[PDB]
Trainee: 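This structure is in structure tokens; I'll ask about it shortly.
Numbers restart at 1 for each chain; the letters A, B, ... are given by sequence-line order, proteins then strands.
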Number of protein chains: 2
Amino acid sequence: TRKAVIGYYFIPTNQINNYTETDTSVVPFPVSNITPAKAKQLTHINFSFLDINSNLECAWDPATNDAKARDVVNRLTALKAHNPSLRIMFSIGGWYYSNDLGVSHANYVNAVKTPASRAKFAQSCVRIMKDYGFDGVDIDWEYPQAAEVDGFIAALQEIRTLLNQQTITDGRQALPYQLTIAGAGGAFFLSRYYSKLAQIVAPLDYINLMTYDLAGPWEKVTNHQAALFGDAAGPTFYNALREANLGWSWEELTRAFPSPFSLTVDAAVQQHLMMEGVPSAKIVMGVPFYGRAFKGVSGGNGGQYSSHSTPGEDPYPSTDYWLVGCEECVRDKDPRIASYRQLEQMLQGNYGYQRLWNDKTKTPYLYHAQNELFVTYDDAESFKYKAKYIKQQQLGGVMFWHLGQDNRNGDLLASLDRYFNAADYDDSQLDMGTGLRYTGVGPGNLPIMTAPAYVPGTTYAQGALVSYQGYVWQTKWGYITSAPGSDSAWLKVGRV
Amino acid sequence: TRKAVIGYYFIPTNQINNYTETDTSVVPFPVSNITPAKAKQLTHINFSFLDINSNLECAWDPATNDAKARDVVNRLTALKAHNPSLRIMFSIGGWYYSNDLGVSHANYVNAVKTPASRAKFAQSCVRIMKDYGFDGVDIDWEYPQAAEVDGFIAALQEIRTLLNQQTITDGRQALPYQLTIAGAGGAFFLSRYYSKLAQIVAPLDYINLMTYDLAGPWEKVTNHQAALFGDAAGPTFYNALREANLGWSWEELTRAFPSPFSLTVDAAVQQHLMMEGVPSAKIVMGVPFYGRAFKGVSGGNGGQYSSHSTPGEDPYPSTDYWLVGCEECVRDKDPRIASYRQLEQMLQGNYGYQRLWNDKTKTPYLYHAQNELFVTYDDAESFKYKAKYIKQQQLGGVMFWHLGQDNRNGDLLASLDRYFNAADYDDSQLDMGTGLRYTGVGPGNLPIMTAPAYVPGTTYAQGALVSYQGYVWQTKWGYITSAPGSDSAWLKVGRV
Ligand SMILES: Cc1cccn2c(=O)c3cc(C(=O)N[C@@H](C)c4cccnc4)c(N)nc3nc12
Ligand SMILES: Cc1cccn2c(=O)c3cc(C(=O)N[C@@H](C)c4cccnc4)c(N)nc3nc12
Ligand SMILES: Cc1cccn2c(=O)c3cc(C(=O)N[C@@H](C)c4cccnc4)c(N)nc3nc12
């Protein structure tokens with residue numbers, strides 16, 4: 001089956017209200033820049049962002065010019081003329097609206113609180129979808145906390161019920177309405193809802209992992225923001241999932257969640273696959289179309305794993321635009337982020353940047369030796385390894401943030417489509433390297449094993465293996481007279 | 001409050017049927033050996049063992065001559081003339097009847113299953129108590145498994161109701177009928193029911209911990225069977241409580257259950273006190289009146305912590321009766337167990353045994369240099385430290401197995417009574433030594449702590465301490481925007 005290729009189309013309210021396809025100074029990436037060829041390379045466009053208002057309903061930003069918003073959306077859905085599989089989703093939430101300290105955060109908490117609120121909120125999602133002509137709903141709440149999770153699940157199940165009814169009512173069996181969420185791609189936020197992943201993902205077509213921003217100026221040491229695999233020379237992190245509300249035993253937590261660990265894309269994917277009832281085909285790997293820049297870095301290792309002097313604040317609390325050559329950093333008053341398009345132009349502009357490659361993480365980076373700068377980003381080469389990982393691990397596909405950051409030729413999108421679909425591309429010998437893999441093991445990714453059937457009445461010694469109720473179990477100590485599952489002495493170590 | 005001194009009186013069915021007070025070779029320890037002096041030193045005698053039959057009622061062994069049984073019991077209750085506080089309990093169960101592979105185990109499991117079965121079992125316990133003249137009920141099920149614990153708890157509650165009503169009916173307010181159980185003294189069996197200790201202990205007057213047999217021939221290395229504190233030179237063990245079904249986080253399990261650990265009397269007591277709702281006054285420390293012998297120890301340090309050639313099968317499968325001096329080893333055809341009485345006559349009779357002392361564990365042991373022998377046991381000196389521990393930790397008292405193993409003068413029982421009650425004994429300067437203490441922290445031993453109140457909307461760094469909803473919490477990583485208890489990021493570390 002075709003891998004999903006999910007591109008975010010983000011447009012701020014002031015750009016909707018002043019929308020034009022002819023002046024890149026007010027609208028840098030108008031819908032016009034999505035050519036028929038690029039539309040064929042996408043399977044989904046996530047239009048973003050809508051919000052939940054204090055009426056606990058899905059809504060546009062109050063300052064939106066609704067006439068212009070409908071026209072922007074109509075230009076997007078017109079791209080379906082070039083790609084019959086294309087879906088224009090809309091995204092509710094995002095960091096600014098929905099984070100704990102965000103302007104609308106309470107509206108997310110309250111909308112999922114009660115059966116009445118969830119019914120009302122779900123209806124409004126389907127009404128927005130049908131009124132504007134969208135093809136599905138994406139929820140980007142970053143992120144529900146443990147006690148909010150059951151309400152989150154029931155709202156998603158409510159949306160699933162209404163979308164499946166709307167699919168039948170509209171005769172959309174060939175292209176059913178879809179429901180997705182953006183998921184944490186790092187253990188710290190993932191531990192909020194990790195224990196209920198199975199019930200979260202059940203009503204979804206896809207969970208889109210935000211497997212980027214895994215490094216930033218809020219960390220004391222520079223690092224790669226979307227390392228595929230780990231580098232032993234880089235920083236490691238507390239494994240927050242061992243503290244999730246799982247109810248597992250000490251051995252089960254320990255073998256699933258080594259700590260410290262390397263905060264990588266592979267870690268995020270494997271951590272989802274470790275949960276029973278989380279199918280690989282629904283997991284979608286996010287990739288960034290932007291780089292993160294650091295200043296004040298030391299030398300020796302190309303700016304990698306160095307202390308730095310980058311402000312972590314938001315907004316950027318200065319007027320010092322120190323990322324040399326980055327015109328778009330001036331236009332946006334922040335030198336700590338650059339689009340792939342801009343980085344490509346910084347490279348071919350003789351600004352003293354050097355493009356280096358980390359063969360462990362399988363990601364590129366820029367080093368500026370004169371001014372002490374470090375940029376972590378992804379490109380078409382790092383996407384080869386990520387695409388191969390998606391195929392080997394049988395994931396659902398790829399998601400990226402965001403379309404306006406690709407270069408004008410659409411090279412990053414074309415590469416993702418090529419690695420999944422081009423008949424003359426062949427990655428069977430692509431060397432995935434010796435970077436650190438995530439070695440945790442959980443109930444959902446237990447190895448296949450064989451063992452003699454458990455025999456009631458037997459006394460087992462320490463380390464004995466038996467099969468019982470479809471799993472292979474090992475005794476943790478000696479003189480075991482109880483059945484696996486009936487007593488703390490048995491560890492589930494294998495399936496079938 | 002006077003400390004309990006609970007002595008098991010164990011008499012097998014063949015000795016009941018053949019009971020006589022004038023022939024040691026048929027009844028080695030008739031009740032007439034319990035003089036008025038000794039009766040005054042006890043608070044309880046646990047007559048043992050009764051059973052649960054296939055009708056799921058408390059019952060004598062079917063081969064018991066019932067008139068002979070009443071006579072033996074009458075000899076015990078006659079002792080109450082010399083001590084108005086003394087109670088003659090009867091014990092239901094024991095290892096042979098109630099272990100998973102024992103002959104009556106299914107009757108324990110099935111008696112506690114439903115309200116009807118529990119009411120029938122409980123009624124039978126009180127009927128037996130009144131019919132034979134006992135003063136209370138002791139249940140020694142070794143040990144209920146996790147799925148049986150709730151029924152076990154409800155059966156104990158039902159017995160408690162019937163006992164309390166019987167106390168009223170009989171005008172026994174001055175000496176009310178009591179309910180006790182034997183509890184596991186090591187973490188392996190403790191883990192079966194650990195999570196429900198509070199509801200198990202609620203209906204009891206006492207839980208008598210079997211804090212002995214903590215070492216034996218079944219282990220690869222010689223060790224003390226009832227060490228008070230740990231010896232760093234000694235073996236350590238897997239802390240099975242970390243695998244109990246508690247629902248705690250990795251950090252919480254790790255701090256409550258260090259592993260490996262020293263398997264000691266102190267460990268068992270502190271493990272019980274770690275659980276909320278378990279009052280120290282109900283905890284009774286078991287001590288052995290017997291030793292365990294190892295055949296084939298190397299030299300080095302008294303035979304402590306070395307390899308051995310002792311079989312670990314029961315029944316004793318062989319015939320090398322190799323514990324020399326020990327004549328009861330021939331009569332009972334097993335050289336690995338010797339009563340204190342016999343161990344004393346071995347030390348008296350020029351057999352080459354040397355008595356040594358471990359000042360970490362505060363226990364004695366015998367070493368034989370020629371035959372390579374090691375014996376771990378308890379004596380009046382080790383009981384000084386255990387009695388002081390009972391007083392310092394405010395435990396309910398002491399229990400021992402069993403009365404027939406004391407010497408003819410009853411020195412062990414007299415020593416326990418002395419250390420609790422003699423005005424001319426003064427342990428105020430007894431130094432408890434530097435042996436390893438169990439230092440796990442759980443809900444029941446959380447310290448008082450003080451921290452500024454949690455303030456919603458603020459972002460906390462790693463290691464921040466705040467007070468919230470009755471507890472002091474610490475963050476496990478940085479950028480914490482959630483409230484404590486509602487999250488994986490917060491660790492309960494203290495009480496307000
Ligand atoms: C300060 C801080 C602490 C911890 C986590 N943080 C974030 O996860 C975060 C995310 C974004 C954001 O917008 N990410 C983009 C890629 C995106 C795309 C699609 C859906 N959601 C988000 C942001 N601007 N600031 C952020 N700051 C923090
Ligand atoms: C508390 C206690 C009291 C009396 C006897 N006990 C045991 O006999 C015993 C045995 C084992 C064990 O596992 N194996 C033994 C059989 C073994 C294994 C391999 C070779 N030889 C012998 C054990 N774990 N605890 C045990 N506890 C006790
Ligand atoms: C083979 C084996 C494995 C694991 C644990 N085991 C035991 O814990 C055990 C205990 C006894 C026993 O009698 N203990 C006395 C002190 C007692 C006193 C009062 C109430 N209950 C018991 C026993 N004879 N064999 C036992 N074998 C084992």
Trainee: In a check of side-chain hydrogen bond (donor to acceptor under 3.5 Å, both in side chains) between B:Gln304 and each of B:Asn223, B:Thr361, B:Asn358, which one passes?
Mentor: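 For B:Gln304, the side-chain hydrogen bond (donor to acceptor under 3.5 Å, both in side chains) check succeeds only for B:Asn358.
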Trainee: Charged N to carboxylate O below 4.0 Å: is that the case for B:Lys362 and B:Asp266?
Mentor: no
Trainee: Using modelled atom types and a 3.5 Å cut-off, is there a donor and acceptor pairing between side-chain atoms of B:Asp332 and backbone atoms of B:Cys329?
Mentor: no
Trainee: In terms of ring plane angle, is the pair B:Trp357 and B:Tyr385 parallel, tilted or perpendicular, where the classes change at 30° and 60°?
Mentor: tilted
Trainee: Please check this pair: side chain of B:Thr222 against backbone of B:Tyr305, looking for a donor-acceptor N/O pair closer than 3.5 Å.
Mentor: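 Answer holds: yes.
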Trainee: Evaluate the ring planes of B:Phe49 and B:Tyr8, with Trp represented by its six-membered ring, and classify them as parallel (under 30°), tilted (30 to 60°) or perpendicular (over 60°).
Mentor: tilted
Trainee: Rounded to the nearest 0.5 Å, what separation is found between the OH atom of B:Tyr419 and the CG atom of B:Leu416?
Mentor: 8.0 Å
Trainee: Please lay out, stage by stage, how B:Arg418 and B:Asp424 fare under the test salt bridge (charged side-chain N to carboxylate O under 4.0 Å, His left out).
Mentor: CA-CA 8 Å; B:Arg418 166 162 48 256; B:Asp424 62 6; over 6 Å; no
Trainee: Within the side chain of B:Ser339, is there an N or O that forms a donor-acceptor pair under 3.5 Å with the backbone of B:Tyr290?
Mentor: no
Trainee: Angle class for the B:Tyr108/B:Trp141 ring planes (parallel below 30°, perpendicular above 60°, tilted otherwise)?
Mentor: tilted
Trainee: Counting distance only, does the side-chain N/O of B:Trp401 pair as donor-acceptor with the main-chain N or O of B:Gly286 below 3.5 Å?
Mentor: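 Checked: no pair found.
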Trainee: For the residue pair B:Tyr9 and B:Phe29, categorise the inter-ring angle as parallel (less than 30°), tilted (30 to 60°) or perpendicular (more than 60°).
Mentor: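 Because their plane-to-plane angle lies in the 30° to 60° range, the rings of B:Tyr9 and B:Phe29 count as tilted.
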Trainee: Taking B:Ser191 for the side chain and B:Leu241 for the main chain, is one N or O donor matched with an acceptor at less than 3.5 Å?
Mentor: no
Trainee: Donor-acceptor check, side chain of B:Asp140 to backbone of B:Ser91, threshold 3.5 angstrom: yes or no?
Mentor: no
Trainee: Does B:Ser262 form a side-chain hydrogen bond (donor to acceptor under 3.5 Å, both in side chains) with B:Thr264? I'd like the steps, not just the answer.
Mentor: CA-CA 6 Å; B:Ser262 300; B:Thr264 65; over 6 Å; no
Trainee: Is it the case that over 12 heavy atoms from other parts of the model lie below 6.0 angstrom from the CG atom of B:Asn245?
Mentor: no
Trainee: Are there more than 12 heavy atoms of other residues, nucleotides or ligands under 6.0 Å from atom CG of B:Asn350?
Mentor: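 Atom CG in B:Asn350 is not crowded, with 12 or fewer foreign heavy atoms closer than 6.0 Å.
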Trainee: Would you mind reporting whether B:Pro311 and B:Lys295 have side-chain heavy atoms less than 4.5 Å apart?
Mentor: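 Yes, close enough: below the 4.5 Å cut-off.
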Trainee: Considering residues, nucleotides and ligands other than B:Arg437, do more than 12 of their heavy atoms fall under 6.0 Å from its CZ?
Mentor: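 Yes, CZ of B:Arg437 has more than 12 neighbouring heavy atoms, counting only those of other groups under 6.0 Å.
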Trainee: Does B:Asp379 come within less than 4.0 Å of B:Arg355, counting only side-chain N to carboxylate O?
Mentor: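 Salt bridge present between B:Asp379 and B:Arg355.
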Trainee: With a 4.5 Å limit on heavy-atom distance, are the side chains of A:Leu446 and A:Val493 in contact?
Mentor: no
Trainee: Between B:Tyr193 and B:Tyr143, is any pair of side-chain heavy atoms under 4.5 Å apart?
Mentor: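 Yes, their side chains come closer than 4.5 Å.
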Trainee: Inspect the surroundings of OH in B:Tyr96 and state if more than 12 heavy atoms from other residues, nucleotides or ligands are less than 6.0 Å away.
Mentor: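 Not buried by this count: 12 neighbours or fewer within 6.0 Å.
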Trainee: Report yes if some heavy atom in the side chain of A:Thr254 is under 4.5 Å from a heavy atom in the side chain of A:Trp248; otherwise report no.
Mentor: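 Side-chain contact under 4.5 Å: no.
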Trainee: Assess the residue pair B:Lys391 and B:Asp427 against the criterion (salt bridge (charged side-chain N to carboxylate O under 4.0 Å, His left out)); give the C-alpha distance rounded to whole Å, side-chain angles, the decisive distance to 0.1 Å, and a yes or no.
Mentor: CA-CA 10 Å; B:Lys391 282 180 278 186; B:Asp427 64 10; 2.5 Å; yes
Trainee: Are A:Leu465 and A:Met449 close enough that some pair of their side-chain heavy atoms sits under 4.5 Å apart?
Mentor: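 The answer is yes; the side chains approach within 4.5 Å.
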Trainee: About how many Å separate CG of B:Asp359 and CE of B:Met432, when rounded to the nearest 0.5 Å?
Mentor: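 Atom-to-atom, B:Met432:CE and B:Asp359:CG are 11.0 Å apart.
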Trainee: Under the ring pair (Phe, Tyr, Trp, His ring centres under 6.0 Å) rule, what do B:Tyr365 and B:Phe374 come out as? Steps first, then yes or no, please.
Mentor: CA-CA 7 Å; B:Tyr365 60 108; B:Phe374 174 85; 5.6 Å; yes
Trainee: Any donor-acceptor pair under 3.5 Å linking the side chain of B:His368 with the backbone of B:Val375?
Mentor: no
Trainee: Ring-plane angle category for B:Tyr321 and B:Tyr316, please: parallel below 30°, perpendicular beyond 60°, tilted otherwise.
Mentor: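 It falls in the tilted class, 30° to 60°.
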Trainee: Do A:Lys492 and A:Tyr471 meet the cation-pi criteria used here (NZ or CZ under 6.0 Å from the six-membered ring centre, within 45° of the axis)?
Mentor: yes
Trainee: Have B:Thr434 and B:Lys360 got a donor and an acceptor in their side chains that come within less than 3.5 Å?
Mentor: yes
Trainee: Could you go step by step and tell me if A:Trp490 and A:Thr475 meet the side-chain hydrogen bond (donor to acceptor under 3.5 Å, both in side chains) rule?
Mentor: CA-CA 5 Å; A:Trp490 291 94; A:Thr475 57; over 6 Å; no
Trainee: Using 0.5 Å steps for rounding, measure from the OH atom of B:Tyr367 to the CG atom of B:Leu373.
Mentor: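 That separation rounds to 8.5 Å.
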Trainee: Got a second to check how far B:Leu366's CG is from B:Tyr353's OH, nearest 0.5 Å?
Mentor: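 Here the rounded value is 7.5 Å.
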Trainee: Within a strict 4.5 Å, meaning less than it, do heavy atoms of the B:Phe294 and B:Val221 side chains meet?
Mentor: no
Trainee: Under a plain distance cut-off of 3.5 Å, with no hydrogens placed, do B:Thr376 and B:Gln225 share a side-chain donor-acceptor pair?
Mentor: no
Trainee: Does B:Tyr194 use its side chain to pair, donor to acceptor, with the backbone of B:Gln271 at less than 3.5 Å?
Mentor: yes
Trainee: Can a donor-acceptor pair be found between the side chains of B:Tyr438 and B:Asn239 at a distance below 3.5 Å?
Mentor: yes
Trainee: Please state whether the rings of A:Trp477 and B:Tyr238 are parallel, tilted or perpendicular, taking 30° and 60° as the class boundaries.
Mentor: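 Taking B:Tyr238 first and then A:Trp477, their aromatic rings sit tilted (interplane angle of 30° to 60°).
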Trainee: Would you call B:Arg341-B:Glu328 a salt bridge at under 4.0 Å N-O?
Mentor: yes
Trainee: B:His44 and B:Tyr206: aromatic ring centres closer than 6.0 Å?
Mentor: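 Yes.
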Trainee: Taking the side chain as every heavy atom from C-beta outward, state whether B:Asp378 and B:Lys386 have any pair of such atoms under 4.5 Å apart.
Mentor: yes
Trainee: Side chains of B:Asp23 and B:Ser25: donor-acceptor distance under 3.5 Å anywhere?
Mentor: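 Yes, a side-chain donor-acceptor pair sits under 3.5 Å.
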Trainee: Kindly indicate, with the supporting measurements, whether the criterion side-chain hydrogen bond (donor to acceptor under 3.5 Å, both in side chains) is fulfilled by B:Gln393 and B:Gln270.
Mentor: CA-CA 9 Å; B:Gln393 290 295 304; B:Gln270 295 307 309; 2.9 Å; yes
Trainee: Can you tell me which residue among B:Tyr340, B:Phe400, B:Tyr377 is in a ring-ring contact (aromatic ring centres under 6.0 Å, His included) with B:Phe289?
Mentor: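 Option passing the ring-ring contact (aromatic ring centres under 6.0 Å, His included) with B:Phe289: B:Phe400.
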Trainee: Check whether any side-chain N or O of B:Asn407 sits under 3.5 Å from a backbone N or O of B:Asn409 as a donor-acceptor pair, and report yes or no.
Mentor: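 It does hold such a pair.
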Trainee: Quick test of your reading of the model: are A:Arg242 and B:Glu251 salt-bridged, counting only N-O distances below 4.0 Å?
Mentor: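 Salt bridge present between A:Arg242 and B:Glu251.
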Trainee: Check step by step if side-chain hydrogen bond (donor to acceptor under 3.5 Å, both in side chains) holds for B:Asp320 and B:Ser318.
Mentor: CA-CA 6 Å; B:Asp320 187 13; B:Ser318 160; over 6 Å; no
Trainee: B:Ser382 side chain to B:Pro364 main-chain N or O, any donor-acceptor pair under 3.5 Å?
Mentor: no
